[PDB]
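Reviewing the structure listed below.
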Amino acid sequence: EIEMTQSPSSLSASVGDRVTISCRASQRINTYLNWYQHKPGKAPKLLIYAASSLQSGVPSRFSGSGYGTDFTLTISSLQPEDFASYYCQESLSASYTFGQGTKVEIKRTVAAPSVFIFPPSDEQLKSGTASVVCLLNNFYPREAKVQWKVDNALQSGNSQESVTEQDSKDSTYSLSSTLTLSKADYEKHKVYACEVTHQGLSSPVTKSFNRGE
Amino acid sequence: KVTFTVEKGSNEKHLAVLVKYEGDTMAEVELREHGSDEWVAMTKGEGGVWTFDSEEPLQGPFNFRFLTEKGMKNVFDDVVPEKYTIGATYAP
Amino acid sequence: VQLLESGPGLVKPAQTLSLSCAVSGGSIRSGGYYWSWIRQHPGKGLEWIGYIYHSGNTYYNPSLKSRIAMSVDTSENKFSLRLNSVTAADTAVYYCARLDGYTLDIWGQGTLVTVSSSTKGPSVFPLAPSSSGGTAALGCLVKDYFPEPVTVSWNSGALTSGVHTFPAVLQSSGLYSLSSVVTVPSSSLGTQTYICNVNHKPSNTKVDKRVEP
């Protein structure tokens, strides 16, 4: 068995940065070495083969080097669409062993979320449930806190969060927080509020609504 | 497209094959024994002849992969049998 | 040459997961390639399943080989995978790929298989435009479906800028939910119509939901 170990495990770098990712083979593998890019939700894409050959149609910013044990994938000038996990793969053995992957994230400047709150629709309410949605839009870094408040009472345990991947152009995240209630529970309170804490905000921002209007 | 002719001098520790690819030439040719987990590089000789010299006895069937000068990469499994005949041409 | 995975996205535990990969623009019977299956489980890297030569020779990941059977059909120009006695650990995105002896140069799009129980189509609710200056956020709540995935588009695919479709979250009910949101100019709310198009192939469910103030 040949073990393939990549370094680092993950990195954050800015658009325009020269980025390098390393791959070490447990035994000499000459130039029997490929690199792949894998964007979540897409097929992996062959970037480099035979250590330094650029696969047809792959952008010129990707290059590879090395021989024997230690290999390097270079992204000469990082672009925002380049967030992915990158994999080396040996081709000396019939196992075509993959490395464990290196996750590349895009560093950018702090960006405060734009916050929006949505009441449950009358259609949903008809069915006997109430989803209140709070949207944090286009922020960076990923770290964010959503404090739900109902009639000035702080909420907990009743909301689920989902976060997008980085935006392919601006490298920001968006996040939804969904508060779920029974129709009965929902209709027993008036003011529904979403308080958001984030590095880009000097103080927490609150968006709220009154169940009536 | 591709044929492998077993050349004289081929024996348990030496495999010599004349590789002929239509409309192209071989840049690299490698073999893997049926039992083996690792590809081994063959050495380019004259007139399309590729050779491998083994420390231990070779036992087919033999799988081959190659890279052409025009950049075509392929693999063909069990092209040359275990009990091959010198002078015989084997093709996928 | 192009590859396309097909087969159930839902498989019951202890049953056989079956997938096929249709090859177009090239003949499998010509030889020259290994035909490959690779998968990715949620928090993990790329894992080999195995590969098969058209003549019949098969190479399997040793940790899976007892449960794995691959096949090729030269007459239909497809190759397939059967993975027996599946468990939740086999929940993954499954990719078919072409291996030229050295590299995996051509890949399918990947197909999610969830190891399972019981299909349900989503209810779709509007997230009515919530008012940024300048901008309005609107969306669709896609609630209570199984299994993944759903696809959401806006205005038949005409509207793509500013759209964020969140990853589905598995609710405690065992059903998924997600929101798709889009930010638009407040000025457009009067004129422009906004309809989300929700497709859940497992239930053959399609919904066009108009989202209005």
Side-chain angles (χ1 to χ4, degrees), chain A residues 2 25 27-34 48-56 64-69 71 90-94 96, chain B, chain C residues 30-34 53-55 57 98-103 105:
Chain A
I2 299 179
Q27 67 186 258
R28 177 175 157 145
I29 64 163
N30 295 6
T31 61
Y32 299 122
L33 195 281
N34 309 316
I48 300 291
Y49 64 94
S52 59
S53 292
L54 186 61
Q55 176 70 12
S56 180
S65 60
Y67 181 95
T69 106
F71 300 87
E90 63 87 16
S91 60
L92 170 62
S93 86
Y96 298 95
Chain B
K1 336 310 252 28
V2 63
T3 60
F4 299 77
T5 304
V6 170
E7 293 292 290
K8 164 122 188 199
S10 291
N11 57 46
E12 69 162 26
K13 288 199 180 179
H14 179 86
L15 186 62
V17 286
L18 205 179
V19 184
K20 179 59 173 359
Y21 189 108
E22 216 56 67
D24 208 338
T25 63
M26 293 301 90
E28 294 156 14
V29 179
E30 313 212 326
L31 74 76
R32 193 170 48 78
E33 299 172 82
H34 179 68
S36 174
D37 61 346
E38 277 188 25
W39 289 97
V40 298
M42 300 191 81
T43 301
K44 192 214 313 308
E46 297 300 303
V49 174
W50 292 83
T51 68
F52 182 64
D53 287 302
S54 188
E55 307 301 285
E56 286 312 307
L58 296 160
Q59 186 181 21
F62 298 95
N63 306 309
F64 296 87
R65 67 181 181 185
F66 58 71
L67 174 68
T68 71
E69 292 292 348
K70 301 179 178 184
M72 185 69 61
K73 297 186 293 311
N74 283 115
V75 55
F76 293 91
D77 260 22
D78 299 353
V79 186
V80 172
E82 188 180 346
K83 296 31 247 303
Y84 61 79
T85 292
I86 290 171
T89 298
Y90 300 97
Chain C
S30 302
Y33 301 94
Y34 293 131
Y53 196 70
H54 82 277
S55 66
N57 295 333
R98 191 180 75 171
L99 172 45
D100 59 30
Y102 295 94
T103 81
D105 65 337

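Hydrogens, waters and symmetry mates play no part in the numbers below; they use all other heavy atoms, side chains included. Letters A, B, ... are given to chains in the order of the sequence lines, protein chains preceding strands, and every chain is numbered from 1.
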For the residue pair B/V2 and B/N74, establish whether any side-chain heavy-atom pair is separated by less than 4.5 Å.
-> no
Side chains of A/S52 and A/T31: closer than 4.5 Å at any heavy-atom pair?
-> no
Side chains of B/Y84 and B/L15: does their closest heavy-atom pair fall under 4.5 Å?
-> yes
Determine whether B/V75 and B/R32 make a side-chain contact, defined as any pair of heavy atoms from C-beta on separated by less than 4.5 Å.
-> no
Please name the pair of heavy atoms, one in A/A25 and one in A/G68, separated by the smallest distance, quoted to 0.1 Å.
-> CB-O, 4.2 Å
Looking at side-chain heavy atoms only, is the closest gap between A/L54 and A/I48 below 4.5 Å?
-> yes
State, yes or no, whether a side-chain contact exists between B/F76 and B/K1 at a heavy-atom distance under 4.5 Å.
-> no
Report yes if some heavy atom in the side chain of B/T89 is under 4.5 Å from a heavy atom in the side chain of B/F4; otherwise report no.
-> no
Could you state the interatomic distance from CD (A/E90) to CD1 (A/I29), rounded to the nearest 0.5 Å?
-> 6.0 Å
Can you tell which of C/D100, C/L99, C/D105 makes a side chain to side chain contact (heavy atoms under 4.5 Å, CB included) with C/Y102?
-> C/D100
Determine the minimum heavy-atom distance between B/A41 and B/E30, stating which atoms define it.
-> CB-OE2, 3.6 Å
Only pairs at least two apart or in different chains count here, so list each side-chain hydrogen bond (donor to acceptor under 3.5 Å, both in side chains) that has a residue in residues 49-63 of chain B.
-> B/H14-B/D53, B/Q59-B/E82
Of all heavy-atom pairs linking B/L58 and B/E33, the shortest is CA-OE1, 3.3 Å
Honestly, is B/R65 close enough over A/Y32, meaning NZ or CZ under 6.0 Å from the six-membered ring centre and within 45° of the axis?
-> yes
Search all heavy atoms of A/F71 against all heavy atoms of A/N30 and return the closest pair with its distance.
-> CZ-O, 3.2 Å
Give, for atom OG of A/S65 and atom CG of A/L33, the distance between the pair rounded to the nearest 0.5 Å.
-> 9.5 Å
Find the distance between CD (B/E7) and CD1 (B/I86) and round it off to the nearest 0.5 Å.
-> 9.0 Å
Taking every heavy atom of A/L92 against every heavy atom of A/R28, the minimum-distance pair comes out as CD2-O, 3.6 Å
With A/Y96, which residues qualify under ring pair (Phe, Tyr, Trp, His ring centres under 6.0 Å), at least two apart?
-> C/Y51
Measure across A/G66 and A/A51 and return the closest heavy-atom pair with its distance rounded to 0.1 Å.
-> O-CB, 3.6 Å
pair B/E22-B/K20: side-chain heavy atoms closer than 4.5 Å = yes
With B/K73 as the cation and A/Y49 as the aromatic partner, state whether NZ or CZ is under 6.0 Å from the six-membered ring centre and within 45° of the axis.
-> yes
Check the surroundings of atom CE in B/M72: do more than 12 heavy atoms from other residues, nucleotides or ligands lie under 6.0 Å from it?
-> no
At what distance, to the nearest 0.5 angstrom, does CG of B/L31 lie from CZ of B/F52?
-> 6.0 Å
B/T85: partners by side-chain contact (heavy atoms from CB on, under 4.5 Å), with sequence neighbours left out | B/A88, B/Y90
